[PDB]
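Colleague: piece number one of the complex, untouched:
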Amino acid sequence: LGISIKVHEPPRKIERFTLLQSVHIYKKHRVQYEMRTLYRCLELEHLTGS
Amino acid sequence: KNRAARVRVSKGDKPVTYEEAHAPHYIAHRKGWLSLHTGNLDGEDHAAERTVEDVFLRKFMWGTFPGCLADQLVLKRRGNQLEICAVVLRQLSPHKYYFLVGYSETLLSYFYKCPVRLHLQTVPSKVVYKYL
Amino acid sequence: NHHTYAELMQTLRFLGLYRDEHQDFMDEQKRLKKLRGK
C-alpha cells in the first residue's frame, strides 16, 4: 500500500519470580520461573483513517 | 532427586511420547507450551481467569474422548476464538468421532461464550519418541 | 463458581457423555466396601 514504515525493537522486560520447591520445609531450595515477553514496534507514518 | 515432570527409566519395554519424556527445564528450550494465550505478557490482565478454564478443557476432553486421546491437547486462542487442536488415536468408528466434535464444539461454545473449533488428527498408534 | 463447573460434570456422567476416572474409581471401590464394611 506504499506506506512509509520503520521497525524497531524495544528492550524486553523479563519479570522473573521465585517459588518454593518442596511442598513442605526447605527454604534453602527454591525454583525460579520467568516470563520472557518481547516487543516490536511497527512505526507507521502518515496514513488516512480509511 | 527432583521429580517434577519426568518419567523414570525402568526397563527397556516402556514407551513414551516426546513431551513427557522431556524434563521441565526444557520448556522453551526443547518443547513448546501446550496452550497459547495473551495472559502472561505484562502488563495484561485476564491471565488469571483463563487458566482455570484452560485446565478444565484438558480435563473435560480427557473424559469425553475416553481411551483414545493420544497426548495432551493444544489450546490456541485467537482473539475471541478458542482453537483446540488434538491428535487422537485411530481406534473409534468415525461416526462416533463426528458426534463429539459438534457435541463438544457447541457445548464449549456455550460455556466460554466464544466460538470453539476442533481440529482432530488421527494417528494409528501412540507416537513414541523414546523406548526408555 | 465450582457448582457450575462440578454439577455440569455430574450430569454429563449421568447422561454418560463424559466418562471420568475419579468417580469411576469411587463407585467401583465403594461397591467393594459395601460388600463387607458397611
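Modeller: In hand now; what should we look at? Numbering: from 1, shown residues only, chains lettered A, B, ... in the order given.

Colleague: please enumerate the helices of chain B.
Modeller: Using DSSP state H, the helices of chain B run over residues B:51-64, B:94-112.

Colleague: which of these is buried the deepest?
Modeller: Here the criterion is mean neighbour count by mean count of other Cβ atoms under 10 Å in any protein chain shown, and of the helices of chain B the winner is helix B:51-64, at a mean of 16. Heads up, the C-betas are built off the backbone N, CA and C, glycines and all.

Colleague: gap between it and the chain center?
Modeller: 9 Å (Cα atoms, centre = their mean, to the nearest Å).

Colleague: what does stretch A:24-39 give?
Modeller: Worked out by Cα atoms, centre = their mean, stretch A:24-39 lies 17 Å from the chain centre.

Colleague: for that stretch, measure first residue to last.
Modeller: End-to-end distance of stretch A:24-39: 38 Å, with Cα to Cα, to the nearest Å as the criterion.

Colleague: can you name the residue of chain B nearest to chain A?
Modeller: The minimum distance from chain B to chain A, using Cβ to the nearest Cβ, falls at residue B:41 (4.4 Å).

Colleague: what's near enough to touch that residue?
Modeller: A:35, A:37 (Cβ atoms under 8 Å, 6 or more residues apart in numbering or on different chains).

Colleague: residue contacts, the closest residue to residue B:101 other than its chain neighbours?
Modeller: Once flanking residues are discounted, residue B:101 sits nearest to residue B:118: 5.0 Å by Cβ to Cβ, 6 or more residues apart in numbering or on different chains. Residues in contact with residue B:118 (Cβ under 8 Å, 6+ apart) are B:84, B:85, B:86, B:101, B:104, B:105.

Colleague: could you do residue C:5 as well?
Modeller: residue B:56.

Colleague: element containing the residue nearest the centre of chain C, please.
Modeller: For chain C, the residue sitting closest to the mean C-alpha position, by Cα atoms, centre = their mean, is residue C:23 at 3.2 Å. Using DSSP states H and E, residue C:23 sits in helix C:21-29.

Colleague: mind listing residues that contact the helix or strand just after that helix?
Modeller: On the C-terminal side of helix C:21-29, the nearest following helix or strand under DSSP H and E is helix C:31-34. Applying Cβ under 8 Å, 6+ apart, helix C:31-34 has no contact partners.

Colleague: may I see the buried residues of helix C:31-34?
Modeller: By 16 or more other Cβ atoms under 10 Å in any protein chain shown, helix C:31-34 has no buried positions at all.

Colleague: chain D should go on the structure too:
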Amino acid sequence: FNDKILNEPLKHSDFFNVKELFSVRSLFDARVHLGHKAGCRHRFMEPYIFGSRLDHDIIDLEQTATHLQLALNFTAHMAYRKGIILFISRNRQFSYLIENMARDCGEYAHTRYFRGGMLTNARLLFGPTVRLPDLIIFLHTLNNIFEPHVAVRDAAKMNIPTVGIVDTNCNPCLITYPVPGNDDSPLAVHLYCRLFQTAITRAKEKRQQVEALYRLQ
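Modeller: One more chain to add, chain D, which I have set with the ones above:
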C-alpha cells in the same frame, strides 16, 4: 542338483596334487625344523620333536611333511567348497604379510587384537545373518603373551576345523590339523604363506574348470 563335482574330489586321493609344493628339502632350507628351547617345550610337542641339540629342540621334518599332505589338502577342499577361510596370526612381525596374502588370494585375514566374543558372540557383534568361517588357519598359534590364542577355544566352541602352525612351545590339542614347524623365522613363514596361498588358488581354479565342464555337458 550340483553334487557331481562335490563327490569326485573326496574319492580322489590328493586330488589337487599338493605333494609338489613341498618336500623335506624345501622345509629344511627355510628353517622350519628349528624349535625353541627345551626349557619351554610343551607336553604335546613331545611326539613331533626329533631331539634336542645342545638344548635346541629340533622338529621332525618327516612327521611335519606327513601332516602337510593332509593339512594343505583339507584347506584346498575348503577353498573348493567355497567356505570362508580366516587367516589369523598375532606375530606383529608378519602382520603386514598375512593381510597382504589375504588380498593376493580371495580369502580372509584377521591379524589384529582379538575382540572378546568374535566367534562365540558373532550374532550381536554383527548382523544376525553371518556365515562364520569354515576353517581358521593359524600362523602363530601363540598369542603376544605366550599362552595359546583365544580362537583355539572359540574355534572349537563354534565347531570349526582349524589348521594351525604349532611350534615347540605351542598347544596342538584343540586344533585339528597341527603343522609341527617353525613360525618365528622370517624365511619360515614366507614359505608357509607361499604354500597356503598357492594351495587354495590352485584349489579355486580347480573349482572353476569343473563347473564349466558341467555347464557344457
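
Colleague: revisit the contacts of residue C:5 given that chain D is now included?
Modeller: residue B:56 are the contacts of residue C:5 under Cβ under 8 Å, 6+ apart.

Colleague: need the three-state assignment for it.
Modeller: State at residue C:5, reduced to three classes by DSSP: H, G, I helix; E, B strand; the rest coil: helix.

Colleague: how much space between it and residue C:12?
Modeller: 11 Å (Cβ to Cβ, to the nearest Å).

Colleague: distance of the residue nearest to the centre of chain C relative to residue B:80?
Modeller: 33 Å.

Colleague: check residue B:102 too.
Modeller: Taken as Cβ to Cβ, the span from residue B:102 to residue B:80 is 20 Å.

Colleague: could you do residue C:19 as well?
Modeller: Counting by Cβ to Cβ, the gap from residue C:19 to residue B:80 is 31 Å.

Colleague: which of these two has more residues huddled nearby?
Modeller: residue C:19 (15 against 9; other Cβ atoms under 10 Å in any protein chain shown).

Colleague: so the more buried one touches residue B:61, yeah?
Modeller: No: if you go by Cβ atoms under 8 Å, residue C:19 and residue B:61 don't touch, sitting 11.7 Å apart.

Colleague: buried stuff in stretch B:67-84?
Modeller: Neighbour-count burial for stretch B:67-84 [16+ other Cβ under 10 Å]: B:69, B:70, B:71, B:72, B:73, B:74, B:75, B:77, B:82, B:84.

Colleague: before we move on, what about stretch D:127-136?
Modeller: Under 16+ other Cβ under 10 Å, the buried positions of stretch D:127-136 are D:132, D:133, D:135, D:136.

Colleague: contact residues of chain C facing chain B?
Modeller: C:5, C:9, C:12, C:17, C:18, C:19, C:20, C:21 (Cβ under 8 Å from any Cβ of the partner chain).

Colleague: tally of neighbours for the closest residue to the second one other than its chain neighbours?
Modeller: Beyond its immediate neighbours in the sequence, the residue positioned closest to residue C:9 (Cβ to Cβ, 6+ apart) is residue C:18, lying 6.4 Å away. Residue neighbour count, defined by other Cβ under 10 Å, stands at 24 for residue C:18.

Colleague: ok, residue B:65 next?
Modeller: 22.

Colleague: what sits against the closest residue to residue D:62 other than its chain neighbours?
Modeller: Excluding the flanking residues, the one nearest residue D:62 by Cβ to Cβ, 6+ apart is residue D:24, at 6.7 Å. Residue D:24 makes contact with D:61, D:62, D:64, D:65, according to Cβ under 8 Å, 6+ apart.

Colleague: sequence below should go in as chain E:
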Amino acid sequence: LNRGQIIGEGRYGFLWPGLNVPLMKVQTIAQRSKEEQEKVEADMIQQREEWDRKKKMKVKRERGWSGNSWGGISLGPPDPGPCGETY
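Modeller: Placing chain E onto the earlier chains gives this:
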C-alpha cells in the same frame, strides 16, 4: 479397570442418535423406562461378576516334585534363533 463401560451409556437412560444406537436407523433422543435401565443395571452388574470370577480362577498348574517348589517343573521348548532354527 475401565473395561465394562461403553462411551454413551449413563444411568439416566438416554439413547443418543450417534452413540449407543445403531447408526441413524434412530435420530431421536429416547428416554427409556425405569424398568429397562433397571434391567440394564442388572445386565451391567451381572456382567461384572463374570469377569470377577474369571479373575478368581484356580488353574490346574502342573507340579514338579512338590507344589510351591520350582523343582522338576517344565517350561516350553527353547525359543528359536533369530534367523530360523525351530526347536
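
Colleague: what about the neighbour count of residue B:65 again, now that chain E is present?
Modeller: 23.

Colleague: what about it, distance to residue D:215?
Modeller: In terms of Cβ to Cβ, residue B:65 sits 68 Å off from residue D:215.

Colleague: show me the contact partners of the helix holding residue C:23.
Modeller: So helix C:21-29 is contacted by B:63, C:13, E:1, E:2, E:5 (Cβ under 8 Å, 6+ apart).

Colleague: drop anything exposed from the residues you listed.
Modeller: If we count by 16+ other Cβ under 10 Å, these have these buried: B:63, C:13.

Colleague: and the contacts of helix C:21-29 as CSV, adding secondary structure and distance to chain A?
Modeller: Output for the contacts of helix C:21-29, formatted as CSV (DSSP: H, G, I helix; E, B strand; the rest coil; distance: Cβ to the nearest Cβ, whole Å):
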residue, secondary structure, distance to chain A
B:63, helix, 27
C:13, helix, 30
E:1, coil, 29
E:2, coil, 30
E:5, coil, 34
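
Colleague: the contacts of helix C:21-29: which two are farthest apart?
Modeller: Pairwise distances across the contacts of helix C:21-29 (Cβ to Cβ) peak at 16.6 Å, for the pair C:13 and E:1.

Colleague: where along chain D do the helices fall?
Modeller: D:4-7, D:24-28, D:61-80, D:95-104, D:122-125, D:153-157, D:186-216.

Colleague: is chain B contacted by the fifth one?
Modeller: No: on the criterion Cβ under 8 Å from any Cβ, helix D:122-125 is out of touch with chain B, staying 14.9 Å away.

Colleague: restrict that helix to CA atoms and write it as PDB.
Modeller: Taking Å, rounded to 0.1, in the frame of the first residue of the first chain, the C-alpha atoms of helix D:122-125 are listed here in PDB:
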ATOM      1  CA  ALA D 122      29.100 -63.000  16.500                       C
ATOM      2  CA  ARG D 123      25.300 -62.500  16.100                       C
ATOM      3  CA  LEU D 124      25.200 -59.400  18.300                       C
ATOM      4  CA  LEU D 125      28.600 -58.100  17.200                       C
END
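
Colleague: got a list of contacts for that helix?
Modeller: Contacts of helix D:122-125 (Cβ under 8 Å, 6+ apart): D:115, D:117, D:118, D:130, D:132, E:82.

Colleague: next one: the helix holding residue C:23 to chain centre, how far?
Modeller: On Cα atoms, centre = their mean, the centre of helix C:21-29 falls 6 Å from the chain's centre.
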